[PDB]
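K.L.:
Once you've had a glance at the structure underneath, I'll fire off some questions.
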Amino acid sequence: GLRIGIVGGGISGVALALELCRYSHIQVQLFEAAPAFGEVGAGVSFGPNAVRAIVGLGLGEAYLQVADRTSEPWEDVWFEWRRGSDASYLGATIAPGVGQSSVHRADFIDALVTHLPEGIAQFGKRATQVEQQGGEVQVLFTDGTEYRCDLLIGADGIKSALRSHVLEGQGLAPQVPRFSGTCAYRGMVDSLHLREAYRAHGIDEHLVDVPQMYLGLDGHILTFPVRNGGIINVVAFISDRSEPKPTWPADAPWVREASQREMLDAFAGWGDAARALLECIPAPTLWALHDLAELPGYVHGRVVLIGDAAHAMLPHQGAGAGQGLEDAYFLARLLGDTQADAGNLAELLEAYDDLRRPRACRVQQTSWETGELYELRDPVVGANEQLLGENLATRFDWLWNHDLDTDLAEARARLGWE
């Protein structure tokens with residue numbers, strides 16, 4: 001048998017726990033970490049690879065209960081690309097059978113938690129000490145209880161407390177969240193209100209019902225409908241690429257209230273469609289976008305990082321949540337295998353570190369490069385609209401259409417399995 005503990009009740013941690021409990025030879029316990037809010041950033045979305053992992057983990061019922069997808073006949077459109085100056089059409093990116101899929105983060109976490117069998121969740125207590133020696137991990141909690149397991153999963157988010165345990169154990173330098181220099185205004189607009197605002201400037205009503213991204217120099221604005229198209233979610237990005245490589249105040253949360261004036265002034269000089277959209281946003285907030293560096297390793301002994309704890313990224317490819325789900329599916333398939341025991345666990349974790357980390361780190365890198373492309377800063381594309389529109393239609397396929405089962409087949413071959 002295998003005793004597995006998971007620290008962190010986010011999407012990645014609860015998803016892994018739900019699948020790991022389906023195996024009779026595995027005993028799982030799920031513990032809470034520090035709650036988050038400012039770390040949500042631009043939000044949560046699901047690409048084609050994410051929904052595939054969700055189905056592979058058996059979480060389709062919870063996903064259908066809460067996820068938001070664009071109404072027919074635009075169900076497969078990921079985004080339409082437009083110039084921020086005049087809202088002219090540049091192209092579109094299509095995700096067949098998925099399109100633009102998003103969720104309120106708390107809605108999906110709550111839906112997943114309700115499906116947990118009794119006795120798996122051990123909430124209401126926090127880990128105060130974590131030690132390991134000879135293939136076993138010991139965790140001491142605030143209530144005096146101690147949990148000892150063969151494997152401890154660090155799924156506690158971008159400010160993971162367990163990441164320091166992993167980086168120190170491997171002798172690597174510590175890693176804290178890095179401010180990207182990009183801030184994002186967030187808000188929601190009633191769809192009928194936005195239609196009347198667009199019509200007043202002669203803007204097509206098509207731009208309300210289909211997800212849109214308005215591209216400009218050092219900034220971009222995205223919209224997509226939620227709640228059966230009755231509400232339009234808006235994220236307006238502003239990037240400071242000046243000399244300093246900027247920082248965020250150490251005593252400042254990553255989110256604050258924003259004034260309408262400062263938001264409209266930040267997009268002064270943008271087109272009529274973009275400014276009319278921003279004027280519709282009530283009570284806007286501003287979010288300081290952070291990510292994590294590419295870690296040299298995710299494993300130290302019997303402690304392993306997944307999700308944002310291992311590979312927190314910028315949201316420009318909508319790939320953050322999906323990479324944590326790919327971590328959960330990859331690990332649960334190997335751990336759930338009959339041939340998995342405590343004797344080959346170190347071998348199993350080495351396959352995870354050799355096959356999951358290089359892909360996740362590449363997604364971290366490409367997410368930053370994609371943001372540079374959105375804001376007309378790519379060193380080759382620049383503002384070439386023909387090349388920009390063509391590359392935007394294709395540059396996401398390696399992420400969306402990756403077959404994770406080929407990585408698992410390579411892991412088993414390295415383990416001499418099946």
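Every chain in the structure tokens has a letter given in the order shown (A, B, ...), and although residue numbers restart at 1 in each chain, ligands are simply numbered from 1 in the order shown.
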Looking only at the backbone, which of the residues in segment 106-210 of chain A does DSSP tag as strand (DSSP E), as number ranges by chain?
P.N.:
A: 127-132, 137-141, 146-149, 151-154, 178-190
K.L.:
Please identify all polymer residues within 8 Å of residue 31 of chain A, counting only C-alpha atoms, omitting same-chain residues fewer than 4 positions from it, and present them as a compact mmCIF listing (two decimals) with N, CA, C and O atoms, in the first residue's frame.
P.N.:
# COMPACT_ATOMS: atom_id res chain seq x y z
N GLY A 5 -0.05 12.05 1.40
CA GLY A 5 -0.61 13.28 1.94
C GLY A 5 -0.47 14.40 0.92
O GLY A 5 0.54 14.49 0.22
N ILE A 6 -1.49 15.25 0.85
CA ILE A 6 -1.51 16.39 -0.07
C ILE A 6 -1.78 17.65 0.74
O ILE A 6 -2.77 17.71 1.49
N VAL A 7 -0.91 18.64 0.60
CA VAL A 7 -1.03 19.92 1.29
C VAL A 7 -1.45 20.97 0.27
O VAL A 7 -0.70 21.27 -0.66
N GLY A 8 -2.65 21.52 0.45
CA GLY A 8 -3.15 22.53 -0.45
C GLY A 8 -4.46 22.13 -1.10
O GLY A 8 -4.51 21.18 -1.89
N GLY A 9 -5.53 22.86 -0.78
CA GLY A 9 -6.85 22.52 -1.28
C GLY A 9 -7.26 23.31 -2.51
O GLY A 9 -8.42 23.69 -2.64
N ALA A 121 -10.61 14.57 3.55
CA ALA A 121 -10.26 15.93 3.93
C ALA A 121 -9.99 16.00 5.43
O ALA A 121 -10.77 15.49 6.24
N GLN A 122 -8.87 16.62 5.79
CA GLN A 122 -8.51 16.86 7.19
C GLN A 122 -8.25 18.35 7.39
O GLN A 122 -7.15 18.79 7.70
N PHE A 123 -9.30 19.15 7.19
CA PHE A 123 -9.19 20.60 7.25
C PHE A 123 -9.24 21.08 8.70
O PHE A 123 -9.40 20.29 9.64
N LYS A 125 -6.77 22.50 10.33
CA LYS A 125 -5.47 22.45 10.98
C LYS A 125 -4.39 22.77 9.96
O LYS A 125 -4.58 22.56 8.75
N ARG A 126 -3.27 23.28 10.45
CA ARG A 126 -2.16 23.71 9.60
C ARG A 126 -0.89 22.98 10.00
O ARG A 126 -0.66 22.73 11.18
K.L.:
Which residues are close to residue 375 of chain A, i.e. within 12 Å by only C-alpha atoms, leaving aside same-chain residues fewer than 2 positions away? Reply as an MDAnalysis selection string.
P.N.:
chainID A and resid 81:84 182 213:221 236:241 316 368:373 377:379 381:385 388
K.L.:
Those selected residues, please, written with N, CA and C atoms and delivered as an mmCIF file, in the first residue's frame.
P.N.:
data_model
loop_
_atom_site.group_PDB
_atom_site.id
_atom_site.type_symbol
_atom_site.label_atom_id
_atom_site.label_comp_id
_atom_site.auth_asym_id
_atom_site.auth_seq_id
_atom_site.Cartn_x
_atom_site.Cartn_y
_atom_site.Cartn_z
ATOM 1 N N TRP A 81 -8.917 38.045 -32.656
ATOM 2 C CA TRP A 81 -7.836 39.002 -32.471
ATOM 3 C C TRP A 81 -8.162 40.290 -33.210
ATOM 4 N N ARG A 82 -8.022 41.421 -32.521
ATOM 5 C CA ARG A 82 -8.432 42.708 -33.064
ATOM 6 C C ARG A 82 -7.394 43.772 -32.744
ATOM 7 N N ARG A 83 -7.319 44.776 -33.614
ATOM 8 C CA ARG A 83 -6.488 45.943 -33.349
ATOM 9 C C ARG A 83 -7.141 46.808 -32.280
ATOM 10 N N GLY A 84 -6.352 47.233 -31.292
ATOM 11 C CA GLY A 84 -6.882 48.108 -30.264
ATOM 12 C C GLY A 84 -7.226 49.498 -30.756
ATOM 13 N N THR A 182 3.527 43.609 -15.280
ATOM 14 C CA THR A 182 2.213 43.738 -15.892
ATOM 15 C C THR A 182 1.152 43.781 -14.801
ATOM 16 N N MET A 213 -9.832 39.786 -28.089
ATOM 17 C CA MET A 213 -8.583 40.303 -27.539
ATOM 18 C C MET A 213 -8.148 41.491 -28.383
ATOM 19 N N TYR A 214 -8.065 42.668 -27.770
ATOM 20 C CA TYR A 214 -7.644 43.884 -28.452
ATOM 21 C C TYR A 214 -6.162 44.100 -28.183
ATOM 22 N N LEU A 215 -5.362 44.108 -29.244
ATOM 23 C CA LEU A 215 -3.912 44.155 -29.130
ATOM 24 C C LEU A 215 -3.397 45.565 -29.387
ATOM 25 N N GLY A 216 -2.406 45.972 -28.600
ATOM 26 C CA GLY A 216 -1.794 47.279 -28.742
ATOM 27 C C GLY A 216 -0.390 47.247 -28.181
ATOM 28 N N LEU A 217 0.288 48.387 -28.279
ATOM 29 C CA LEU A 217 1.660 48.480 -27.793
ATOM 30 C C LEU A 217 1.675 48.504 -26.269
ATOM 31 N N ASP A 218 2.346 47.515 -25.672
ATOM 32 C CA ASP A 218 2.537 47.426 -24.222
ATOM 33 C C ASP A 218 1.215 47.276 -23.471
ATOM 34 N N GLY A 219 0.234 46.630 -24.086
ATOM 35 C CA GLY A 219 -1.033 46.399 -23.417
ATOM 36 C C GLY A 219 -1.988 45.647 -24.320
ATOM 37 N N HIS A 220 -2.935 44.966 -23.680
ATOM 38 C CA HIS A 220 -3.987 44.272 -24.410
ATOM 39 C C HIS A 220 -5.180 44.068 -23.486
ATOM 40 N N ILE A 221 -6.356 43.943 -24.098
ATOM 41 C CA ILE A 221 -7.623 43.823 -23.384
ATOM 42 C C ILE A 221 -8.361 42.605 -23.916
ATOM 43 N N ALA A 236 -7.981 43.911 -18.549
ATOM 44 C CA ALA A 236 -7.238 44.906 -19.318
ATOM 45 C C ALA A 236 -5.814 44.973 -18.780
ATOM 46 N N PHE A 237 -4.849 44.563 -19.601
ATOM 47 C CA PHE A 237 -3.457 44.438 -19.188
ATOM 48 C C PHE A 237 -2.663 45.686 -19.557
ATOM 49 N N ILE A 238 -1.812 46.127 -18.632
ATOM 50 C CA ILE A 238 -0.872 47.218 -18.860
ATOM 51 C C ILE A 238 0.504 46.750 -18.409
ATOM 52 N N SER A 239 1.490 46.850 -19.299
ATOM 53 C CA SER A 239 2.843 46.393 -19.018
ATOM 54 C C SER A 239 3.812 47.565 -19.027
ATOM 55 N N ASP A 240 4.696 47.588 -18.036
ATOM 56 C CA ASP A 240 5.772 48.570 -17.941
ATOM 57 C C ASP A 240 7.071 47.845 -18.274
ATOM 58 N N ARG A 241 7.556 48.033 -19.500
ATOM 59 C CA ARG A 241 8.799 47.426 -19.949
ATOM 60 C C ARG A 241 9.979 48.384 -19.840
ATOM 61 N N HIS A 316 -1.208 34.334 -19.949
ATOM 62 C CA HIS A 316 -1.411 34.713 -21.344
ATOM 63 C C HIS A 316 -1.766 33.536 -22.245
ATOM 64 N N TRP A 368 5.097 33.734 -21.009
ATOM 65 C CA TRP A 368 5.675 35.074 -21.014
ATOM 66 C C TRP A 368 5.889 35.575 -22.436
ATOM 67 N N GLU A 369 6.375 34.706 -23.326
ATOM 68 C CA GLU A 369 6.603 35.112 -24.710
ATOM 69 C C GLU A 369 5.293 35.440 -25.413
ATOM 70 N N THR A 370 4.222 34.717 -25.080
ATOM 71 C CA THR A 370 2.921 34.997 -25.681
ATOM 72 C C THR A 370 2.415 36.376 -25.271
ATOM 73 N N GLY A 371 2.652 36.767 -24.017
ATOM 74 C CA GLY A 371 2.278 38.105 -23.589
ATOM 75 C C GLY A 371 3.042 39.187 -24.327
ATOM 76 N N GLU A 372 4.324 38.939 -24.612
ATOM 77 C CA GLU A 372 5.093 39.874 -25.428
ATOM 78 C C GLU A 372 4.513 39.972 -26.833
ATOM 79 N N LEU A 373 4.027 38.850 -27.368
ATOM 80 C CA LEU A 373 3.432 38.854 -28.700
ATOM 81 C C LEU A 373 2.126 39.641 -28.723
ATOM 82 N N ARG A 377 5.550 43.262 -28.972
ATOM 83 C CA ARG A 377 6.941 43.321 -28.538
ATOM 84 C C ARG A 377 7.737 42.080 -28.925
ATOM 85 N N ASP A 378 7.176 41.194 -29.741
ATOM 86 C CA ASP A 378 7.926 40.026 -30.193
ATOM 87 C C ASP A 378 9.064 40.474 -31.104
ATOM 88 N N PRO A 379 10.280 39.950 -30.922
ATOM 89 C CA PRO A 379 11.429 40.470 -31.686
ATOM 90 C C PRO A 379 11.330 40.247 -33.186
ATOM 91 N N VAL A 381 7.974 39.270 -34.875
ATOM 92 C CA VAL A 381 6.654 39.665 -35.357
ATOM 93 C C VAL A 381 6.471 41.172 -35.247
ATOM 94 N N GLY A 382 6.748 41.731 -34.076
ATOM 95 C CA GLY A 382 6.527 43.153 -33.872
ATOM 96 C C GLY A 382 5.056 43.481 -34.037
ATOM 97 N N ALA A 383 4.754 44.360 -34.995
ATOM 98 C CA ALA A 383 3.383 44.737 -35.311
ATOM 99 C C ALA A 383 2.962 44.273 -36.702
ATOM 100 N N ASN A 384 3.641 43.270 -37.255
ATOM 101 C CA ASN A 384 3.269 42.697 -38.548
ATOM 102 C C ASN A 384 1.963 41.934 -38.374
ATOM 103 N N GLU A 385 0.857 42.540 -38.815
ATOM 104 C CA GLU A 385 -0.461 41.977 -38.539
ATOM 105 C C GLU A 385 -0.685 40.653 -39.258
ATOM 106 N N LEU A 388 1.350 38.222 -37.265
ATOM 107 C CA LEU A 388 0.765 38.136 -35.930
ATOM 108 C C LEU A 388 -0.509 37.301 -35.943
#
K.L.:
Quick one: pull the distance between atom CA of residue 345 of chain A and atom CA of residue 20 of chain A, Å, one decimal.
P.N.:
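So the answer is 15.2 Å.
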K.L.:
Hey, which of A:405, A:150, A:39, A:354 ends up closest to residue 4 of chain A? Count only C-alpha atoms.
P.N.:
A:150
K.L.:
Counting only C-alpha atoms, which of A:389, A:400, A:253, A:188 gets nearest to residue 97 of chain A?
P.N.:
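Closest candidate: A:400.
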K.L.:
For a quick check of understanding, using only C-alpha atoms, which of A:70, A:133, A:114, A:323 has the smallest distance to residue 14 of chain A?
P.N.:
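Result for the nearest residue to residue 14 of chain A: A:114.
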K.L.:
Residues within 10 Å of segment 201-203 of chain A, please, as a VMD selection string. Count only C-alpha atoms; anything in the same chain fewer than 3 positions from it doesn't count.
P.N.:
chain A and resid 86 to 87 195 to 198 206 to 208 272 to 273 276
K.L.:
For the selection just defined, write its residues with C-alpha atoms to a file, as a compact mmCIF listing (two decimals), in the first residue's frame.
P.N.:
# COMPACT_ATOMS: atom_id res chain seq x y z
CA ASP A 86 -9.98 50.49 -34.60
CA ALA A 87 -11.24 47.01 -33.57
CA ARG A 195 -24.16 46.10 -26.75
CA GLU A 196 -25.75 49.54 -26.38
CA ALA A 197 -22.33 51.07 -25.69
CA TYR A 198 -20.87 49.41 -28.80
CA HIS A 206 -20.55 40.52 -32.78
CA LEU A 207 -17.77 41.75 -30.47
CA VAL A 208 -19.97 41.17 -27.40
CA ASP A 272 -13.43 53.68 -29.49
CA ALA A 273 -14.39 50.05 -28.86
CA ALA A 276 -16.27 52.38 -24.49
K.L.:
So the first atom is atom CA of residue 192 of chain A and the second is atom CA of residue 228 of chain A; what is the distance between them in Å, to one decimal place?
P.N.:
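Between atom CA of residue 192 of chain A and atom CA of residue 228 of chain A the gap is 12.6 Å.
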K.L.:
Using only C-alpha atoms, pick whichever of A:88, A:223, A:128, A:242 has the shortest atom-to-atom distance to residue 180 of chain A.
P.N.:
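Nearest to residue 180 of chain A: A:242.
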K.L.:
For the atom pair atom CA of residue 303 of chain A and atom CA of residue 137 of chain A, what is the interatomic distance in Å to one decimal place?
P.N.:
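Calculated distance between atom CA of residue 303 of chain A and atom CA of residue 137 of chain A is 7.8 Å.
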K.L.:
Would you list, as JSON, numbers by chain, the residues of segment 14-224 of chain A that end up in helix (DSSP H, G or I) under DSSP run on this structure's backbone?
P.N.:
{"A": [14, 15, 16, 17, 18, 19, 20, 38, 39, 40, 48, 49, 50, 51, 52, 53, 54, 55, 56, 60, 61, 62, 63, 64, 65, 66, 105, 106, 107, 108, 109, 110, 111, 112, 113, 114, 162, 163, 164, 165, 166, 167, 168, 169, 191, 192, 193, 194, 195, 196, 197, 198, 199, 200, 206, 207, 208, 209]}
K.L.:
Please determine, counting only C-alpha atoms, which residue among A:37, A:161, A:89, A:297 has the shortest atom-to-atom distance to residue 204 of chain A.
P.N.:
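The closest residue to residue 204 of chain A is A:89.
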K.L.:
Pick the closest to residue 78 of chain A from A:415, A:40, A:392, A:313: which is it, counting only C-alpha atoms?
P.N.:
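Among A:415, A:40, A:392, A:313, it is A:392 that comes nearest to residue 78 of chain A.
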K.L.:
I'd like the contact shell of residue 347 of chain A - 12 Å cut-off, only C-alpha atoms, skipping same-chain residues fewer than 3 positions apart - returned as an NGL selection string.
P.N.:
:A and (299 or 301-302 or 334-335 or 339-344 or 350-354 or 411-417)
K.L.:
Dump N, CA, C and O atoms for the selected residues as a PDB file, in the first residue's frame?
P.N.:
ATOM      1  N   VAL A 299      11.352  17.670  -6.946  1.00  0.00           N
ATOM      2  CA  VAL A 299      11.347  16.561  -6.002  1.00  0.00           C
ATOM      3  C   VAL A 299      12.534  16.686  -5.055  1.00  0.00           C
ATOM      4  O   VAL A 299      13.652  17.002  -5.478  1.00  0.00           O
ATOM      5  N   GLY A 301      13.523  13.898  -2.060  1.00  0.00           N
ATOM      6  CA  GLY A 301      13.149  12.731  -1.290  1.00  0.00           C
ATOM      7  C   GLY A 301      11.735  12.272  -1.576  1.00  0.00           C
ATOM      8  O   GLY A 301      11.433  11.826  -2.688  1.00  0.00           O
ATOM      9  N   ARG A 302      10.853  12.380  -0.582  1.00  0.00           N
ATOM     10  CA  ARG A 302       9.458  11.989  -0.731  1.00  0.00           C
ATOM     11  C   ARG A 302       8.513  13.186  -0.689  1.00  0.00           C
ATOM     12  O   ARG A 302       7.328  13.028  -0.377  1.00  0.00           O
ATOM     13  N   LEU A 334       0.508   6.856 -12.429  1.00  0.00           N
ATOM     14  CA  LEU A 334       1.649   6.061 -11.990  1.00  0.00           C
ATOM     15  C   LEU A 334       1.456   5.541 -10.570  1.00  0.00           C
ATOM     16  O   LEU A 334       1.745   4.372 -10.292  1.00  0.00           O
ATOM     17  N   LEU A 335       0.973   6.392  -9.662  1.00  0.00           N
ATOM     18  CA  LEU A 335       0.756   5.963  -8.283  1.00  0.00           C
ATOM     19  C   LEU A 335      -0.380   4.952  -8.190  1.00  0.00           C
ATOM     20  O   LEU A 335      -0.328   4.024  -7.375  1.00  0.00           O
ATOM     21  N   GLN A 339       1.855  -1.875 -10.026  1.00  0.00           N
ATOM     22  CA  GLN A 339       3.292  -2.046  -9.849  1.00  0.00           C
ATOM     23  C   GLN A 339       3.926  -0.962  -8.989  1.00  0.00           C
ATOM     24  O   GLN A 339       5.138  -1.019  -8.755  1.00  0.00           O
ATOM     25  N   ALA A 340       3.156   0.016  -8.520  1.00  0.00           N
ATOM     26  CA  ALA A 340       3.708   1.091  -7.708  1.00  0.00           C
ATOM     27  C   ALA A 340       3.782   0.665  -6.248  1.00  0.00           C
ATOM     28  O   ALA A 340       2.783   0.231  -5.667  1.00  0.00           O
ATOM     29  N   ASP A 341       4.970   0.783  -5.659  1.00  0.00           N
ATOM     30  CA  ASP A 341       5.174   0.505  -4.245  1.00  0.00           C
ATOM     31  C   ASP A 341       6.166   1.521  -3.688  1.00  0.00           C
ATOM     32  O   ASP A 341       6.722   2.345  -4.422  1.00  0.00           O
ATOM     33  N   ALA A 342       6.395   1.453  -2.375  1.00  0.00           N
ATOM     34  CA  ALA A 342       7.380   2.325  -1.748  1.00  0.00           C
ATOM     35  C   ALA A 342       8.800   2.004  -2.191  1.00  0.00           C
ATOM     36  O   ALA A 342       9.693   2.841  -2.017  1.00  0.00           O
ATOM     37  N   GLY A 343       9.029   0.817  -2.757  1.00  0.00           N
ATOM     38  CA  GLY A 343      10.363   0.461  -3.206  1.00  0.00           C
ATOM     39  C   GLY A 343      10.784   1.146  -4.488  1.00  0.00           C
ATOM     40  O   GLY A 343      11.967   1.451  -4.665  1.00  0.00           O
ATOM     41  N   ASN A 344       9.839   1.397  -5.396  1.00  0.00           N
ATOM     42  CA  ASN A 344      10.126   2.077  -6.653  1.00  0.00           C
ATOM     43  C   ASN A 344       9.577   3.500  -6.679  1.00  0.00           C
ATOM     44  O   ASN A 344       9.472   4.101  -7.752  1.00  0.00           O
ATOM     45  N   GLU A 350      11.246  10.334 -10.057  1.00  0.00           N
ATOM     46  CA  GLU A 350      12.229  10.773 -11.042  1.00  0.00           C
ATOM     47  C   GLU A 350      11.622  10.842 -12.437  1.00  0.00           C
ATOM     48  O   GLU A 350      12.003  11.705 -13.235  1.00  0.00           O
ATOM     49  N   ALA A 351      10.678   9.949 -12.746  1.00  0.00           N
ATOM     50  CA  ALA A 351       9.980  10.029 -14.025  1.00  0.00           C
ATOM     51  C   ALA A 351       9.090  11.264 -14.086  1.00  0.00           C
ATOM     52  O   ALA A 351       8.967  11.897 -15.142  1.00  0.00           O
ATOM     53  N   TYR A 352       8.458  11.620 -12.965  1.00  0.00           N
ATOM     54  CA  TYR A 352       7.675  12.850 -12.918  1.00  0.00           C
ATOM     55  C   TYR A 352       8.560  14.071 -13.123  1.00  0.00           C
ATOM     56  O   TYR A 352       8.195  14.997 -13.855  1.00  0.00           O
ATOM     57  N   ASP A 353       9.733  14.087 -12.487  1.00  0.00           N
ATOM     58  CA  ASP A 353      10.614  15.244 -12.589  1.00  0.00           C
ATOM     59  C   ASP A 353      11.262  15.346 -13.964  1.00  0.00           C
ATOM     60  O   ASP A 353      11.610  16.447 -14.403  1.00  0.00           O
ATOM     61  N   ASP A 354      11.435  14.218 -14.654  1.00  0.00           N
ATOM     62  CA  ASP A 354      12.063  14.220 -15.968  1.00  0.00           C
ATOM     63  C   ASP A 354      11.076  14.433 -17.107  1.00  0.00           C
ATOM     64  O   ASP A 354      11.488  14.860 -18.191  1.00  0.00           O
ATOM     65  N   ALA A 411       7.286   6.930 -19.227  1.00  0.00           N
ATOM     66  CA  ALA A 411       7.617   6.725 -17.821  1.00  0.00           C
ATOM     67  C   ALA A 411       7.623   5.243 -17.471  1.00  0.00           C
ATOM     68  O   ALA A 411       8.541   4.758 -16.798  1.00  0.00           O
ATOM     69  N   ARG A 412       6.605   4.506 -17.923  1.00  0.00           N
ATOM     70  CA  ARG A 412       6.546   3.073 -17.647  1.00  0.00           C
ATOM     71  C   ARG A 412       7.721   2.339 -18.280  1.00  0.00           C
ATOM     72  O   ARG A 412       8.291   1.424 -17.673  1.00  0.00           O
ATOM     73  N   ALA A 413       8.098   2.724 -19.502  1.00  0.00           N
ATOM     74  CA  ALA A 413       9.247   2.103 -20.152  1.00  0.00           C
ATOM     75  C   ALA A 413      10.535   2.364 -19.384  1.00  0.00           C
ATOM     76  O   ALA A 413      11.414   1.496 -19.334  1.00  0.00           O
ATOM     77  N   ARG A 414      10.665   3.544 -18.776  1.00  0.00           N
ATOM     78  CA  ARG A 414      11.833   3.822 -17.949  1.00  0.00           C
ATOM     79  C   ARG A 414      11.790   3.041 -16.644  1.00  0.00           C
ATOM     80  O   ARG A 414      12.841   2.684 -16.102  1.00  0.00           O
ATOM     81  N   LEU A 415      10.593   2.773 -16.125  1.00  0.00           N
ATOM     82  CA  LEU A 415      10.447   1.984 -14.909  1.00  0.00           C
ATOM     83  C   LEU A 415      10.478   0.484 -15.171  1.00  0.00           C
ATOM     84  O   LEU A 415      10.467  -0.293 -14.209  1.00  0.00           O
ATOM     85  N   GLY A 416      10.520   0.063 -16.434  1.00  0.00           N
ATOM     86  CA  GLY A 416      10.423  -1.342 -16.775  1.00  0.00           C
ATOM     87  C   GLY A 416       9.126  -1.940 -16.274  1.00  0.00           C
ATOM     88  O   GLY A 416       9.131  -2.920 -15.523  1.00  0.00           O
ATOM     89  N   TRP A 417       8.007  -1.356 -16.685  1.00  0.00           N
ATOM     90  CA  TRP A 417       6.706  -1.633 -16.096  1.00  0.00           C
ATOM     91  C   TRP A 417       5.787  -2.328 -17.097  1.00  0.00           C
ATOM     92  O   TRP A 417       6.148  -2.578 -18.251  1.00  0.00           O
TER      93      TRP A 417
END
K.L.:
Residues at most 12 Å from residue 264 of chain A, counting only C-alpha atoms, excluding those fewer than 4 positions away in the same chain, as a list in words?
P.N.:
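Residues meeting the cut-off are residues 185, 236, 238, 258, 259, 260, 268, 269, 270, 271, 272, 274, 275, 276, 277, 278, 279, 280, 281 and 284 of chain A.
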K.L.:
Using only C-alpha atoms, determine which residues lie at most 12 Å from residue 109 of chain A, disregarding the query and same-chain residues fewer than 6 positions distant; provide the list as a PyMOL selection string.
P.N.:
chain A and resi 8-15+18+44+59+62-63+65-67+103+115-116+321
K.L.:
I need the residues from that last selection saved to file as an mmCIF file, in the first residue's frame (with N, CA and C atoms), if you can.
P.N.:
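File selection.cif, as written:
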data_model
loop_
_atom_site.group_PDB
_atom_site.id
_atom_site.type_symbol
_atom_site.label_atom_id
_atom_site.label_comp_id
_atom_site.auth_asym_id
_atom_site.auth_seq_id
_atom_site.Cartn_x
_atom_site.Cartn_y
_atom_site.Cartn_z
ATOM 1 N N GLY A 8 -2.650 21.520 0.449
ATOM 2 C CA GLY A 8 -3.153 22.534 -0.455
ATOM 3 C C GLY A 8 -4.460 22.134 -1.102
ATOM 4 N N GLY A 9 -5.531 22.855 -0.779
ATOM 5 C CA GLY A 9 -6.848 22.523 -1.282
ATOM 6 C C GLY A 9 -7.259 23.310 -2.508
ATOM 7 N N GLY A 10 -6.312 23.565 -3.407
ATOM 8 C CA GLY A 10 -6.610 24.198 -4.672
ATOM 9 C C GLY A 10 -7.121 23.193 -5.688
ATOM 10 N N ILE A 11 -7.168 23.636 -6.947
ATOM 11 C CA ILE A 11 -7.654 22.766 -8.017
ATOM 12 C C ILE A 11 -6.766 21.534 -8.146
ATOM 13 N N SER A 12 -5.449 21.740 -8.207
ATOM 14 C CA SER A 12 -4.533 20.623 -8.423
ATOM 15 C C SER A 12 -4.577 19.628 -7.269
ATOM 16 N N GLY A 13 -4.594 20.126 -6.031
ATOM 17 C CA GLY A 13 -4.558 19.231 -4.885
ATOM 18 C C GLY A 13 -5.833 18.425 -4.716
ATOM 19 N N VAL A 14 -6.990 19.076 -4.850
ATOM 20 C CA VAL A 14 -8.255 18.368 -4.682
ATOM 21 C C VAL A 14 -8.488 17.407 -5.842
ATOM 22 N N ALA A 15 -8.064 17.787 -7.051
ATOM 23 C CA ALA A 15 -8.211 16.897 -8.199
ATOM 24 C C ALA A 15 -7.394 15.625 -8.015
ATOM 25 N N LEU A 18 -9.075 13.369 -5.367
ATOM 26 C CA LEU A 18 -10.297 12.710 -5.819
ATOM 27 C C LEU A 18 -9.987 11.456 -6.628
ATOM 28 N N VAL A 44 -8.996 31.749 -13.894
ATOM 29 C CA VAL A 44 -8.787 30.348 -14.241
ATOM 30 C C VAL A 44 -9.535 30.048 -15.534
ATOM 31 N N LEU A 59 -13.394 13.863 -13.374
ATOM 32 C CA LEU A 59 -13.990 15.060 -12.796
ATOM 33 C C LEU A 59 -14.935 15.772 -13.758
ATOM 34 N N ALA A 62 -18.332 17.415 -12.189
ATOM 35 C CA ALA A 62 -18.114 18.677 -11.490
ATOM 36 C C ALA A 62 -17.744 19.788 -12.464
ATOM 37 N N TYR A 63 -16.988 19.455 -13.512
ATOM 38 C CA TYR A 63 -16.596 20.459 -14.497
ATOM 39 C C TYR A 63 -17.808 20.997 -15.249
ATOM 40 N N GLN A 65 -20.771 21.151 -14.169
ATOM 41 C CA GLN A 65 -21.689 21.830 -13.262
ATOM 42 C C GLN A 65 -21.383 23.320 -13.141
ATOM 43 N N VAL A 66 -20.123 23.720 -13.299
ATOM 44 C CA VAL A 66 -19.717 25.084 -12.987
ATOM 45 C C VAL A 66 -19.025 25.801 -14.139
ATOM 46 N N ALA A 67 -18.407 25.095 -15.081
ATOM 47 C CA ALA A 67 -17.611 25.763 -16.102
ATOM 48 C C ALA A 67 -18.491 26.566 -17.057
ATOM 49 N N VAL A 103 -14.000 29.508 -15.394
ATOM 50 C CA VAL A 103 -14.769 29.242 -14.184
ATOM 51 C C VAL A 103 -14.349 30.222 -13.101
ATOM 52 N N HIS A 115 -17.356 16.237 -3.725
ATOM 53 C CA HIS A 115 -17.265 14.860 -4.187
ATOM 54 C C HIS A 115 -16.233 14.043 -3.423
ATOM 55 N N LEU A 116 -15.512 14.654 -2.492
ATOM 56 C CA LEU A 116 -14.529 13.916 -1.709
ATOM 57 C C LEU A 116 -15.234 12.912 -0.806
ATOM 58 N N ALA A 321 -3.899 26.496 -14.853
ATOM 59 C CA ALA A 321 -4.717 25.448 -14.248
ATOM 60 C C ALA A 321 -4.521 24.111 -14.953
#
